[PDB]
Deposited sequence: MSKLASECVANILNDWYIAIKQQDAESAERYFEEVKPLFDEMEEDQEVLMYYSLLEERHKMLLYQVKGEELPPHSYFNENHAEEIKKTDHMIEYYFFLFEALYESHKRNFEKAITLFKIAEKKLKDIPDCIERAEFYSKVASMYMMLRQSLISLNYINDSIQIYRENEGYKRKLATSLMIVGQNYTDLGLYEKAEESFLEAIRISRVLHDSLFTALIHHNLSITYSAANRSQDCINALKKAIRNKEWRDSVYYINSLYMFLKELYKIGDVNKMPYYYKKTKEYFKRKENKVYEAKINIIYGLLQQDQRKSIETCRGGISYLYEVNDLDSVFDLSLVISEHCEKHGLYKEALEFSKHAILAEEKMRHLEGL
């Protein structure tokens, strides 16, 4: 159980190398051996959390089997159960349930005095709220996490990750310079840490801020630095870079370089399945084809509504609308102009 707590400490530090060593060492201790049911639940909860960590930081695919698929009294194990399920629902874009599961965990957190645990909770709530572009709420939470992380040693990876949430929140607030500063500070931290995969990850996310600031060459240059890392290209997040490439290339009209990145998307999808980004890439590349283009865009937009990826609907509906406007297809331009409003209003409702 102390081993379990040490393992969770390593997860709370985003030390995937320690985390995987704890996971390998605790597995024999849990081979039909350990008897205490709350410890068995703790081990079952930490196994899920560890897989979410490996996905978050190493870009390793999440297992199809979750202990949360079918499991829904220590006041700690209950906080952990609600927090780790909020993360599972948050990743599935089931934000209604996630918000409820978070609020229950927040209530229990009143009885947990560990400062790192509190910073850990706030940083997960801030991440979900940022996914909804609830920027001020996310900042108030993450600002508490950063205060704690800066004053305690061993949480430099957590400070860096937190700064990326701040930067995106700033970008969602139109504060692109402050958003860049946050990502740059995160980049310095990761180079000090000598974590080149993390550095690639931060460059990819920074490219979102540059793109939102219409700093397209900086956006493309940041993506180039990310994709230079081999681990990044082998990760599930490679497709995110390829998609941002195509979209920024299309935005600036450098269509002659788009088939290059598009062909790499096919190689990604040959080995890894990602239906959200398949739809998103199909929408971007299909804009190069008129009526066929619109029918493909309607299918992709419809799938993104279905899986509740409203931020992508908002993003791509603006791009389709601009495309149709430029080609004199005003009825279709308005139709996707309206999808962008609908996606945004639905995102803010809850």
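**Student:** For this chain, which runs of the deposited sequence have no C-alpha coordinates, given in order from the N-terminus?
**Tutor:** Missing C-alpha atoms (numbering from 1) occur across the ranges 1 to 9, 82 to 87, 305 to 306, 368 to 370.
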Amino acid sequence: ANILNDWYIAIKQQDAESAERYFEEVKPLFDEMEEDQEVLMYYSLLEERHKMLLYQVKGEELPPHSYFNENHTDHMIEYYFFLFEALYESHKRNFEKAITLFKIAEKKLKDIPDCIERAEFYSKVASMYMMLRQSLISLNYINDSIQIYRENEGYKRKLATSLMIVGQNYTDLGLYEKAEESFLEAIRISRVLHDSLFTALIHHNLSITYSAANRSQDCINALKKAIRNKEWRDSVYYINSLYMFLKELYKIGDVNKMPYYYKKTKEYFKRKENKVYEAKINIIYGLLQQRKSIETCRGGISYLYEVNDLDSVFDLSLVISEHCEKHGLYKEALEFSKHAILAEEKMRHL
From here on, numbers count along this sequence of modelled residues.
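**Student:** 41 to 49 versus 316 to 324: which one carries the higher mean Cα B factor per the record?
**Tutor:** Stretch with the greater average CA B-factor: 41 to 49.
**Student:** Out of 159 to 167 and 229 to 237, which one has CA B-factors that are higher on average in the deposited record?
**Tutor:** Comparing 159 to 167 with 229 to 237, the higher mean C-alpha B-factor belongs to 229 to 237.
**Student:** Looking at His91, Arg118, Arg188, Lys110, which has the highest CA B-factor as recorded?
**Tutor:** Among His91, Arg118, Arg188, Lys110, the highest C-alpha B-factor in the entry belongs to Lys110.
**Student:** When the CA B-factors of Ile301, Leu29, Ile281, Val57 are compared as recorded in the entry, which is the largest?
**Tutor:** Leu29 has the highest C-alpha B-factor of those listed.
**Student:** Of the three thirds of its chain by CA temperature factor, lowest, middle or highest, which one includes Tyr149?
**Tutor:** Answer is lowest: the recorded C-alpha B-factor places it there.
**Student:** Taking only the Cα B-factors deposited for this chain, tell me whether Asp36 sits in the lowest, middle or highest third.
**Tutor:** Tercile = highest for this residue's CA B-factor.
**Student:** Please place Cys297 in the lowest, middle or highest third of its chain according to the CA B-factor in the PDB entry.
**Tutor:** Ranked within chain, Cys297 CA B lands in the highest tercile.
**Student:** Considering only modelled residues of the same chain, in which third does the CA B-factor of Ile3 rank: lowest, middle or highest?
**Tutor:** Highest third - that is where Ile3 ends up once the chain's C-alpha B-factors are sorted.
**Student:** Could you place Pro259 in the lowest, middle or highest third of its chain by Cα temperature factor, using the values in the record?
**Tutor:** As the PDB entry reports it, the C-alpha B-factor of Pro259 lands in the highest third of its chain.
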